[PDB]
RNA sequence: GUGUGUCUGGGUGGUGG
Ligand SMILES: [Mg+2]
Ligand SMILES: [Zn+2]
Ligand SMILES: [Zn+2]
């Protein structure tokens, strides 16, 4: 990291200390079910574990709820890349 | 079937359930196996049905002979129809434990008739006998059951066909070997103790030896009676 | 719906379906195995039979008439690999670990 | 804020109350009774006012039918055929899941009032807006329904062909060979063509794919794959999102990374799509268990009672739904006339019970917890250890009432434990 | 000239001539396999 | 599908050790103890003889294409 | 005492960066 070759201090923190908060569309995990993120949670649970805060690190191991929430965040990143490519391609073609 | 359903529904009073069980016992005494399969062999899940089965088992102990007949019919239906239920198994345990060599004898006669008639019944019968020996551990004497099965209930009738006669001969040979499966949980524990040490529990060892000797005498009698029973008997076998 | 055409007039009705095991024809019919269909580029299909009434009364029963062939998903109840042991499946040059669930 | 309905096979939109009067409700009180169930509530009764002002022109059934029959695709010039077309539309086209034959207009009116009531509940915010990405609001068309959909049109073509053949031969007054009358090749050719190309009907393409035999994992993934037919080129990124409902049903990781992200999906390990089942045992059992049908009840009795839906068709109501749900769960755990895959959901905040038996529903097994204890005990494991010996299978475990299949809609109302500790 | 095929089932050798129906001589199978060539097969044991 | 003749990493011969390993396992020896008894001390060879799948047996179930 | 023709045109699906 300090050499700047690859990685970031955020990667160090996620690996060692805390993965952090998983976000979907800039906000916390939505209530996909009726007033809860997953069926394992009480209705109207706004706590960290219920809304996507991954307490554990990549070393300790994500709990399965945190695994699912992290999967949702990763899916958001992939979709953003997939649509961004075509949109920027057309913009670049018009620009040139 | 009303007895099991009503007893389970009333389960979570005691007198109405006992009265219904007594009425069922009187009907069973009045008294083929389709009704027994529809009532005794119903596979109801809930613990209220378990309480119903316990009440019916107490009634079956009170009505040992008719309960033995109903359990034999239920075992016949279970073997032939290729299905089983926990409640039917519990009723079979109660009937076997209540009356020694009465429910297993008729049940084994029905099983031998079915085995002579249709295949795919020896493995289920062996598993049922092993489960009964492990769980109930009371009056589970398959030796007397096989001995009664050899000639009493439609034994010439079930071996009319060549394939049926071959199935009957194979079933008789299996029952001659099923004496090991007919030992109860006390005999298995005594075998475990003998494995630990052949001299430990000398009185229990002698009791197990006497019971096994009776079973071996029954098996020898079955083997002796099987040869005149089957004309197509193989000499080497 | 029963189709009806007319003077005289007769009614056509289909009642029962009969789907045999997969076969292949040419000479006599023979059952076709999925390996044979894969190698010989055959459609692993089964014939579909129906019985029809043509009442003009003058009721004529066309028992078990061919109407078409339907493809068969492998390892299903109507495929030829149903309920076979591993030894039998290997003897037919089929993989016992294969899950089926596909058409040929 | 007038309410409007888009009736099928009608070019121009229509007011809802005109459809209600056309169904045979000249009066106004019965219509609003079928829509509004709590007459002491004035708010929903307030917003339904601007609709009612459109009733000035139309009170009689005949003129309502004239309105809803004059705007069809084929123009109607005279009275009687317009009335016939409106009757045919209102009998066969709109809302066939409630009733297609006659003597069902009142049930159709009840369902139409219910859906207008649902719209009004959503408008006031009393009811949450439906989410399009919810997996409970989705059905997976497996091989069964797809081949059935092909076979329906294919058999229709076969009947048309034999009709044309018979009509041609009848003009000469001659009998025929029926085997020669059935050109058997069209069914086989259509099934083979659709299976080979993947083009479904005629519109829909890519349904059938060549099995990917690169490796065993590829074959298993291909067989367990499922595709969302939403537009691949679309800019709306909502259906590609990993929705929360996909938990346990759909793998969160397995997805193509190209342009098909979030649209092509793979089943989870325990996921099992429902195969479908008839709802006749449901309906016959319910009437045996104090389910007061719509045809026999007063319309005011549903103000407090809970609606009961079977496969999306509202049939009757119940006064006390708690014990009904308990006994239905008992029947499902006891393997009676109702099968395991039947979904049993009960909305409690809005008094509704919805029973589903149709195919395409996704569900997974789960253990059952009662009194903070696992119904599964050591005895089941001991029996399962001897599974190859005494043929104690997973089916016995299902029949024992220890496990059950929970649909995505049912998963909404369950309280799920991650683990027994 | 005497082309030899191998039945898929019988594993029998059949003298099938050119433009002939592909039929086994015993079971009448439709699928036949060719015998390994005779020219030379040499691999350096790597 | 068949046991490799040589260990990929170091080159110790493990083509002769598959059947002895199976016999030791049939003798109710722990596979760690079985590997120890076969002299495979380096964990490369232990991986070699431990992770192998005997798929040649499954292939032998099929008929030969010519007899 | 030699030597060029290399099935095009669409559609569908999967994949790699
Ligand atoms: Mg790139
Ligand atoms: Zn041959
Ligand atoms: Zn090595």
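Any read-out appearing in this document is the output of simple, stated calculations on the displayed coordinates, not a laboratory observation. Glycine also receives a Cβ, built like all others from the backbone with ideal geometry; neighbour counts cover every protein chain displayed.
Taking just the alpha-carbon atoms of segment D:1-151, what radius of gyration and Dmax come out, in angstrom?
17.4, 52
Suppose only helical runs count, i.e. DSSP H with n ≥ 4. What mean residue ellipticity at 222 nm does that imply for chain A under -39500 (n - 2.57) per run, divided by all residues and rounded to the nearest 500 deg cm²/dmol?
For chain A, the value works out to -14500 deg cm²/dmol.
Report Rg (one decimal) and Dmax (nearest whole number) for segment B:1-127, counting Cα atoms only, units Å.
So, for segment B:1-127, Rg and Dmax equal 13.9, 45 Å respectively.
Below 8 Å between Cα atoms, with a sequence gap of 6+, how large is the relative contact order for chain F in percent?
This gives 39 percent for chain F.
Quote the relative contact order of chain A in percent (integer), defining contacts as alpha-carbon pairs under 8 Å separated by 6+ residues.
25 percent
I need the Debye-formula profile for segment E:3-46: one equal scatterer per C-alpha, no solvent, reported as log10 I(q)/I(0) at q = 0.22, 0.28, 0.32 1/Å, two decimals.
-0.69, -0.97, -1.18
Across 5 Å bins from the origin, how do the percents of Cα pairs in chain C run, short distances first?
Computed distribution, short to long bins: 2, 11, 17, 18, 13, 10, 9, 7, 6, 4, 2, 1, 0.
Within 10 Å of each Cβ in peptide C:31-43, how many partner chain Cβ atoms are there on average? Round it to a whole number, please.
Per residue, the number of nearby Cβ atoms from other chains is 1 on average.
Distance between the C-alpha centers of segment A:1-69 and segment F:29-67? Whole Å please.
43 Å
How long are the semi-axes of the equivalent ellipsoid of chain D, defined as square roots of 5 times the Cα gyration tensor eigenvalues? Whole Å, largest first.
Those come to 40, 35, 23 Å.
State whether chain F is rounded, prolate or oblate according to the following rule on the C-alpha gyration tensor (a ≥ b ≥ c being the square roots of its eigenvalues): a/c under 1.5 gives rounded; otherwise a/b larger than b/c gives prolate, and the remaining case gives oblate.
oblate
Does anyone have the angle between helix A:64-95 and the longest principal axis of chain A? Alpha-carbon axes, 0 to 90°, nearest 10?
20 degrees
Suppose we take every Cα in segment D:351-393 and form the convex hull; what volume per residue is that in Å³?
Looking at segment D:351-393, the number lands at 142 Å³ per residue.
If packing is taken as the average count of other Cβ atoms within 10 Å, what order do B:137-149, A:69-81 fall into, highest mean first?
Sorting B:137-149, A:69-81 by mean packing, highest first, produces B:137-149, A:69-81.
Per-residue Cβ counts within 10 Å, from other chains only, averaged over D:180-190: what number is that?
4
I'd like the distance between the alpha-carbon centres of segment B:69-104 and segment D:37-74, rounded to an integer number of Å.
Comparing the Cα centres of segment B:69-104 and segment D:37-74, I get a distance of 67 Å.
Given the C-alpha centroids of segment D:258-272 and chain E, what is the distance between them in whole angstrom?
46 Å
With a 10 Å radius around each residue's Cβ, average the other Cβ atoms per peptide and rank D:329-335, D:206-212, highest first.
Peptide ranking by packing, descending: D:329-335, D:206-212.
Grab the DSSP H runs of chain B that are 4 residues or longer, score each as -39,500 (n - 2.57), total them, divide by all residues and round the 222 nm result to the nearest 500 deg cm²/dmol.
Taking each H run of at least 4 residues, the total per residue is -23000 deg cm²/dmol.
For the protein assembly as shown, I need the span (max minus min coordinate) of the C-alpha atoms along each principal axis, in Å, sorted largest to smallest.
Sorted largest first, the three principal extents are 104, 92, 91 Å.
Classify chain B: rounded, prolate or oblate, from the alpha-carbon gyration tensor (a ≥ b ≥ c, eigenvalue square roots; a/c under 1.5 rounded; otherwise prolate if a/b is larger than b/c)?
Cα axes put chain B in the oblate bin.
Just need log10 I(q)/I(0) for segment D:311-401 at q = 0.14 Å⁻¹, Debye formula, equal scatterers on the alpha-carbon atoms, no solvent, rounded to two decimals.
-0.65
Can you give me the pair-distance distribution of segment D:284-350, C-alpha pairs, 5 Å bins, whole percents?
Reading the bins upward from 0: 4, 15, 27, 27, 17, 7, 3, 0.
Average partner chain C-beta neighbours within 10 Å, per residue of D:237-243?
6
Which order results if B:91, D:339 are arranged by neighbouring Cβ count within 10 Å, fewest first?
Fewest-to-most ranking of B:91, D:339: D:339, B:91.
Where does each of C:55, C:77, A:65 land when they are ranked from fewest to most other beta-carbon atoms within 10 angstrom?
C:77, C:55, A:65
Give, in whole angstrom and from largest to smallest, the semi-axes √(5λ) of the equivalent ellipsoid of segment B:102-237, with λ running over the eigenvalues of the Cα gyration tensor.
Square roots of five times the eigenvalues give 29, 15, 12 Å.
Principal axis lengths of segment A:28-82 from Cα atoms, whole Å, largest first?
For segment A:28-82, the Cα extents along the three principal axes come out at 33, 29, 14 Å.
Could you tell me whether segment D:216-302 comes out rounded, prolate or oblate from its Cα gyration tensor? Rule is a ≥ b ≥ c as square roots of the eigenvalues, rounded for a/c under 1.5, then prolate if a/b exceeds b/c, otherwise oblate.
prolate
Given the DSSP H assignment, sum -39500 (n - 2.57) over each helix run of at least 4 residues in chain D and divide by its residue total; what's the result at 222 nm in deg cm²/dmol, nearest 500?
-11000 deg cm²/dmol
Ranked from highest to lowest mean number of other Cβ atoms within 10 Å per residue, what is the order of the peptides D:26-38, B:48-60, F:29-41?
B:48-60, D:26-38, F:29-41
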